Amino acid sequence: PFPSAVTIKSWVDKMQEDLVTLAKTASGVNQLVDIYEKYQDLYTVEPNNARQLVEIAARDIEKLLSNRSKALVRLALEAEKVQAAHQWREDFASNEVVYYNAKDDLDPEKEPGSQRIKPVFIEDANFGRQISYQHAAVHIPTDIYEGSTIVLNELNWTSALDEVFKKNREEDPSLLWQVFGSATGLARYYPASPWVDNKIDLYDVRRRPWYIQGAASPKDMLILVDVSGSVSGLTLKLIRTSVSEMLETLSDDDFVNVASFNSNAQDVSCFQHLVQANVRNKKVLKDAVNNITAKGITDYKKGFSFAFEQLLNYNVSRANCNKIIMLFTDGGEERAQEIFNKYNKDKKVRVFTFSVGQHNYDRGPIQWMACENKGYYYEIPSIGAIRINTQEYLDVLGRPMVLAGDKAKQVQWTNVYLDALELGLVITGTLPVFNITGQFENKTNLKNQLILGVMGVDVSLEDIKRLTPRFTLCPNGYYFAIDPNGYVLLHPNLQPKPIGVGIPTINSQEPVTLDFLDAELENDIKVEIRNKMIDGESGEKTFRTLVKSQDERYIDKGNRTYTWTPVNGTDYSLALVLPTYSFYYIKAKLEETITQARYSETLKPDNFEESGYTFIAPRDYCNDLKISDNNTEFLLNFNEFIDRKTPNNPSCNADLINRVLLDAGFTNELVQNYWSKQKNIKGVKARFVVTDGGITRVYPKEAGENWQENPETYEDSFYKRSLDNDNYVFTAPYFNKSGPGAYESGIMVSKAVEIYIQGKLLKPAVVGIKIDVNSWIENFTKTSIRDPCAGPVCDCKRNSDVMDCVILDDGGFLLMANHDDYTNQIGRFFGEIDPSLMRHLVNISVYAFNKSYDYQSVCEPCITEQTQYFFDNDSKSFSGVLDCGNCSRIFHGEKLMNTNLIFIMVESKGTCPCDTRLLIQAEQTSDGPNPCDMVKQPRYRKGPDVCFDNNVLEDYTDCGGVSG
Ligand SMILES: *[C@@H]1O[C@H](CO)[C@@H](O[C@@H]2O[C@H](CO)[C@@H](O[C@@H]3O[C@H](CO)[C@@H](O[C@@H]4O[C@H](CO)[C@@H](O)[C@H](O)[C@H]4NC(C)=O)[C@H](O)[C@H]3NC(C)=O)[C@H](O)[C@H]2NC(C)=O)[C@H](O)[C@H]1NC(C)=O
Ligand SMILES: *[C@@H]1O[C@H](CO)[C@@H](O[C@@H]2O[C@H](CO)[C@@H](O[C@@H]3O[C@H](CO)[C@@H](O)[C@H](O)[C@H]3NC(C)=O)[C@H](O)[C@H]2NC(C)=O)[C@H](O)[C@H]1NC(C)=O
Ligand SMILES: *[C@@H]1O[C@H](CO)[C@@H](O[C@@H]2O[C@H](CO)[C@@H](O)[C@H](O)[C@H]2NC(C)=O)[C@H](O)[C@H]1NC(C)=O
Ligand SMILES: *[C@@H]1O[C@H](CO)[C@@H](O[C@@H]2O[C@H](CO)[C@@H](O)[C@H](O)[C@H]2NC(C)=O)[C@H](O)[C@H]1NC(C)=O
Ligand SMILES: *[C@@H]1O[C@H](CO)[C@@H](O[C@@H]2O[C@H](CO)[C@@H](O)[C@H](O)[C@H]2NC(C)=O)[C@H](O)[C@H]1NC(C)=O
Ligand SMILES: *[C@@H]1O[C@H](CO)[C@@H](O)[C@H](O)[C@H]1NC(C)=O
Ligand SMILES: [Ca+2]
């Protein structure tokens with residue numbers, strides 16, 4: 001009938017024995033272990049005190065941020081003093097102001113008051129661009145004239161900042177950028193570089209997120225759009241565009257909701273109270289306002305009574321300060337005094353009124369509302385005025401923090417965002433600058449309640465990664481830092497790409513905000529740990545977690561130890577993740593000049609012939625040594641460096657070089673002594689070895705070309721996978737790819753090398769075997785079938801018409817099968833080939849599944865969904881009946897004990913028809929979580945506590961109605 005359980009347990013046992021014996025006696029795990037023990041005294045074991053490493057890194061980050069803050073402080077002081085000393089000239093001799101303008105052609109071969117500079121740019125690898133240190137540059141947006149009186153008057157008093165720009169760089173050479181945004185629109189950054197290279201420049205320094213952060217406090221904005229018969233036509237389009245643009249000026253710390261009202265007010269989107277101005281909530285609001293219609297007869301007394309009620313809802317999270325209402329209308333006759341006298345007598349809610357479009361309605365009432373209720377009045381007559389008339393409310397909002405004196409001047413760091421000058425991921429510290437003309441003597445306070453601008457220095461994430469070395473840990477260990485909003489500052493899965501917002505509809509300005517829980521969301525532990533780090537505490541938590549493999553196909557149930565501590569002085573919280581086996585590391589010895597010689601004579605370009613092709617990790621060892629994408633150039637440069645100097649003395653990383661050469665010696669001794677004895681083996685294609693220390697040695701010469709793995713050891717998916725497993729790990733290859741398939745490269749199986757120095761545990765290397773496909777094909781069809789069993793086939797064969805015999809891994813990917821058509825699809829997900837059996841396996845809990853969302857992904861027409869499968873029963877019997885399509889197929893599943901594979905044998909697939917409903921495991925473009933449900937249960941966050949939203953000294957005469 002069907003093969004018995006004992007027959008299956010013998011067949012799988014024999015296949016196990018064969019594969020495990022071949023892997024153990026071919027890859028030489030025990031031999032390499034013995035080599036590591038018996039070459040002791042060349043290295044020492046050192047602890048990884050997480051409680052000390054995280055503290056040291058936190059202090060380093062604090063010192064970096066204090067260095068970058070002192071420059072801002074002194075720059076702000078100098079700018080304030082110079083502006084106080086300035087004189088308002090209204091007549092220039094056409095050559096009195098001198099600057100670069102950073103946007104002119106370098107070769108004009110040819111103004112009202114300015115004389116241009118022809119500078120010299122050489123190069124700088126620190127920036128990638130061409131820079132000049134002799135002077136700063138100026139960026140004046142296209143819309144604004146470069147020769148108006150106000151611009152030239154600013155150019156004079158901002159020319160003085162160049163000396164301080166130079167001085168700060170002289171103190172700390174690592175400064176990247178030092179920008180001074182101005183309230184008039186121009187910006188001055190110290191390293192003089194041309195502006196960015198369809199080329200119409202829409203940049204405006206008064207709209208960048210750092211300027212907006214430093215110019216005011218977190219807001220509670222409620223946009224009150226007016227829908228009516230009058231606003232139909234062009235006015236509606238202008239209102240739509242204006243609402244979108246003004247939404248673009250909000251930040252993560254700000255809460256916003258959009259309402260509309262023709263005769264009874266209603267929410268324009270699913271949100272009902274208030275939502276954080278994330279990159280998703282803003283998109284939802286933009287779509288809702290873009291799907292709006294104009295009908296009915298305007299009723300202000302209901303719209304305002306609705307807005308004031310939604311600004312009083314305290315059941316939800318909000319910034320709890322700067323409660324401001326925006327009215328986008330055209331014009332009317334009702335001023336609604338009763339509503340304001342009912343809701344806002346103490347005047348705690350600001351009202352800004354906008355008169356959008358070209359009309360002839362009475363604008364008087366809206367100016368009156370903007371005057372009585374503390375605010376300002378705007379007009380948008382065309383598309384070109386939307387940007388300016390929507391970016392100006394920060395000028396009104398910044399008055400109370402100006403009147404606070406030298407108390408609102410605190411350095412505040414922004415979110416991670418891509419630099420405008422193509423520098424990668426950077427964060428910016430902002431410090432406002434106040435107008436203090438006539439401050440020493442008490443005469444002038446008329447215009448002294450507006451900021452001059454916001455200073456800013458950029459620090460790259462590369463510096464912060466430099467402050468947190470990761471080469472003394474295992475590849476599974478890393479650092480990460482979280483701001484109070486939950487977003488990651490450092491994390492290995494944070495990449496320089498904009499955050500996806502939804503499905504890419506058919507037919508670089510946004511911040512890169514990735515929450516911590518978008519690494520592997522675990523309800524029990526990684527939520528409480530996140531909430532503790534956000535609160536600003538320190539602790540340790542050892543727990544059994546799930547880690548997603550680097551290739552994003554496998555999941556391991558490993559043990560990790562989360563240690564965190566706050567970065568005191570700032571708001572970021574640093575944490576360090578360490579597994580149990582990474583509590584110790586091998587520190588190489590000084591050895592002697594002789595050891596360097598023969599440890600270097602192993603990895604020469606002409607020499608990897610009897611030792612196998614040798615890789616090297618592009619880790620910066622020496623300052624002169626340069627990282628190269630191609631491994632051969634790095635190998636040659638490393639050889640010439642280690643030949644030409646000693647490692648330690650010439651201001652190089654002694655530990656890194658010493659450990660690399662120690663690994664080279666150990667691996668060379670291993671490959672020679674053991675692998676050189678047996679040149680060819682029946683079932684292996686390539687013997688490889690990867691060690692912590694950035695060296696890889698594929699023994700066969702012709703097999704070195706097929707090595708598609710990353711030369712960096714700490715970024716190999718198989719290495720990290722094998723580190724977390726105490727047994728042999730089988731890596732499924734790729735299917736339908738332009739590279740070599742699993743017929744000339746082989747199947748990769750790897751085992752983690754384990755050593756016991758003293759009593760401590762260490763896993764410094766991973767060895768493995770590339771299994772020949774054809775040998776295992778001819779071995780699989782003779783150890784499974786009984787010869788004199790029956791007329792009908794009891795088991796499978798090379799072409800089994802009925803019986804199906806496949807072997808899988810712990811990720812659902814197929815490795816072998818009896819049928820030629822099946823084995824032609826090696827590495828393919830078994831759900832695609834046989835969906836019904838996979839679905840039944842999942843239902844009877846054979847492969848657990850749990851999915852994640854990838855936000856930094858690109859799509860061909862974007863958020864992307866992912867799925868990974870693994871074991872969840874750690875048992876062997878696993879017997880059941882499909883009952884598929886009224887054609888029952890009895891199936892038996894057995895798992896090879898030492899390896900991570902499972903042997904599942906079904907009666908047949910083609911004979912019994914079933915539904916297909918293909919079970920795909922590949923990434924699919926899809927919308928993320930529903931924003932409405934997400935905001936119904938918001939995540940934990942801690943908003944800033946400082947806020948300046950009211951002051952009795954503030955002057956309210958500047959209403960905007962009488963001023964134009
Ligand atoms: C920081 O604050 C200080 C003061 O607190 C500020 O300095 C003041 O700047 C204004 C210009 O914005 C000067 O205004 C004077 O007023 C006269 C009279 O109005 C102006 O002359 C004409 O004014 C009309 C409008 O009234 C206008 O068309 C145009 O400005 C002028 N027209 C013509 C044809 O000339 C001048 O603007 C100006 N007078 C002179 C002689 O320059 C104040 O005098 C300044 N106050 C002080 C004490 O210096 C300073 O700008 C603020 N910082 C920044 C960056 O703006
Ligand atoms: C904006 O343009 C202004 C006009 O040119 C500049 O102001 C001028 O700078 C000159 C220096 O190059 C001054 O000359 C000196 O002033 C001192 C005053 O203490 C006097 O001894 C002399 O006039 C002169 N001395 C020497 C040794 O040359 C001008 O007085 C001064 N003002 C003018 C010409 O009206 C500003 O420098 C420029 N803005 C900034 C921020 O520099
Ligand atoms: C949520 O906000 C509402 C008003 O915005 C608060 O008002 C209460 O609503 C519940 C709902 O049935 C009732 O107890 C009363 O209608 C209200 N109680 C009053 C006015 O005292 C409500 O209290 C808020 N939620 C919580 C949990 O406090
Ligand atoms: C940041 O500074 C604070 C001080 O405000 C540190 O907290 C103190 O740490 C010392 C030992 O380092 C303890 O003796 C004190 O009791 C701590 N004071 C507390 C907890 O209020 C904190 O350790 C520093 N953190 C880092 C990462 O440097
Ligand atoms: C995410 O995947 C994990 C991996 O199994 C799930 O953990 C188990 O899930 C099953 C049901 O899906 C439960 O019966 C088990 O009790 C879970 N194990 C533990 C230790 O909790 C998890 O449920 C999946 N879903 C979520 C939201 O995490
Ligand atoms: C901070 O600045 C001082 C001097 O300006 C410098 O010696 C120190 O290395 C800096 N710390 C950093 C860059 O972490
Ligand atoms: Ca109307």
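Residue 1 is the first one shown; counting continues down the chain.
Per the header: electron microscopy, 3.1 Å.
Cβ coordinates come from backbone N, Cα and C, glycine included.
For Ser94, the entry in Swiss-Prot reads phosphoserine. Residue environment of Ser94 (phosphoserine) contains 11 other Cβ atoms, counted within 10 Å of its Cβ in all protein chains.
The Cβ neighbour count for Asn156 (N-linked glycosylation site), using a 10 Å radius over every protein chain in view, is 18. What Swiss-Prot records for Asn156 (among others) is N-linked glycosylation site.
Under the heading domain 'VWFA', Swiss-Prot lists 220-397, citing sequence analysis as support.
Here Swiss-Prot flags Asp226, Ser228, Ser230 as divalent metal cation binding site. Counting only same-chain residues at least 6 apart in sequence, those with a Cβ under 8 Å from the Cβ of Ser230 (divalent metal cation binding site) are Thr298, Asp330, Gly331, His359, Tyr361.
Only residues 6 or more beyond the boundaries of the motif 'MIDAS-like motif' (226-230), in the same chain, are considered here, and those with a CB under 8 A from a CB of the stretch are 236, 239, 260-262, 292-298, 303, 327-331, 359, 361. Residues or ranges marked as motif 'MIDAS-like motif' by Swiss-Prot: 226-230.
According to Swiss-Prot, the N-linked glycosylation site annotation covers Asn291 (among others). Here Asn291 (N-linked glycosylation site) comes close to no residue that lies at least six apart in sequence on the same chain with a C-beta under 8 angstroms from its C-beta.
Residues within less than 8 Å, Cβ to Cβ, of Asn315 (N-linked glycosylation site) and separated from it by at least 6 positions along the same chain comprise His273. Residues annotated as N-linked glycosylation site in Swiss-Prot, with experimental evidence given as evidence: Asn315 (among others).
Taken from Swiss-Prot, the feature N-linked glycosylation site applies to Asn442 (among others). Under the DSSP three-state reduction, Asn442 (N-linked glycosylation site) is assigned to coil, being neither helix nor strand.
Positions annotated as N-linked glycosylation site by Swiss-Prot: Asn559 (among others). The number of other Cβ atoms within 10 Å of the Cβ belonging to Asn559 (N-linked glycosylation site), over all protein chains shown, comes to 13.
Classification of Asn568 (N-linked glycosylation site) by DSSP places it in coil, neither helical nor stranded. Long-range C-beta contacts of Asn568 (N-linked glycosylation site), restricted to its own chain and to partners at least six residues apart, with a cutoff below 8 Å, comprise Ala58, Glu62. What Swiss-Prot lists as N-linked glycosylation site is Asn568 (among others).
In the three-state DSSP classification, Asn630 (N-linked glycosylation site) falls within coil. Annotated N-linked glycosylation site per Swiss-Prot: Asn630 (among others), in sequence order.
Summarising the annotation, Swiss-Prot assigns N-linked glycosylation site to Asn736 (among others). Reduced to three states, the DSSP call for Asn736 (N-linked glycosylation site) is coil.
The C-beta environment of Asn779 (N-linked glycosylation site), restricted to residues of the same chain at least 6 apart in sequence and closer than 8 Å, consists of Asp18, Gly683. Taken from Swiss-Prot, the feature N-linked glycosylation site applies to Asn779 (among others), supported by sequence analysis.
Residue density at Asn843 (N-linked glycosylation site): 9 other Cβ atoms are found within 10 A of its Cβ, drawing on all protein chains shown. Here Swiss-Prot flags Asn843 (among others) as N-linked glycosylation site.
Per Swiss-Prot, the feature N-linked glycosylation site maps to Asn850 (among others); the stated evidence is experimental evidence. In the three-state DSSP assignment, the secondary structure recorded for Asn850 (N-linked glycosylation site) is strand. Within its own chain, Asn850 (N-linked glycosylation site) has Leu546, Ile555, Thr867, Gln868 as residues 6 or more apart in sequence whose C-beta sits under 8 angstroms from its own.
Secondary structure at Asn886 (N-linked glycosylation site), as computed by DSSP, is coil. The annotation N-linked glycosylation site is assigned in Swiss-Prot to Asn886 (among others).
Checking the recorded positions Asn156, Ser228, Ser230, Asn568, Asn843, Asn886 for a CB within less than 6 Å of any atom of ligand 7 leaves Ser228, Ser230, listed in sequence order. Distance noted between the C-alpha atoms of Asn886 (N-linked glycosylation site) and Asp226 (divalent metal cation binding site) is 62 Å. Among the recorded positions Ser94, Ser230, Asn315, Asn442, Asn843, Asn850, the residues whose Cβ lies under 6 Å from any atom of ligand 5 are, in sequence order, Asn850. Other than the site residues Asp226, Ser228, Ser230, same-chain residues with C-beta atoms no more than 8 angstroms from the centre of those residues' C-beta atoms, the divalent metal cation site, are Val227, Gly229, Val231, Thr235, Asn262, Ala294, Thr298, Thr329, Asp330, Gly332. Of all the recorded positions listed here (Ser94, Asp226, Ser228, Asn736, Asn843), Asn736 has the Cα closest to the Cα of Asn630 (N-linked glycosylation site). Comparing C-alpha positions, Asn736 (N-linked glycosylation site) sits nearest to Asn843 among the recorded positions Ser94, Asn156, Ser228, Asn559, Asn843. Between the CA atoms of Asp226 (divalent metal cation binding site) and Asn442 (N-linked glycosylation site) there is a gap of 45 Å.
Secondary structure at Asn315 (N-linked glycosylation site), taken from DSSP and collapsed to helix, strand or coil, is coil. The helix, strand and coil residue counts that DSSP assigns across the motif 'MIDAS-like motif' (226-230) are 0 helix, 1 strand, 4 coil. Summarising the environment of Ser228 (divalent metal cation binding site), the number of other Cβ atoms within 10 Å of its Cβ, over all protein chains shown, is 21. Nearest by CA distance to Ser94 (phosphoserine), out of the recorded positions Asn156, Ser228, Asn442, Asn559, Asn843, is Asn156.
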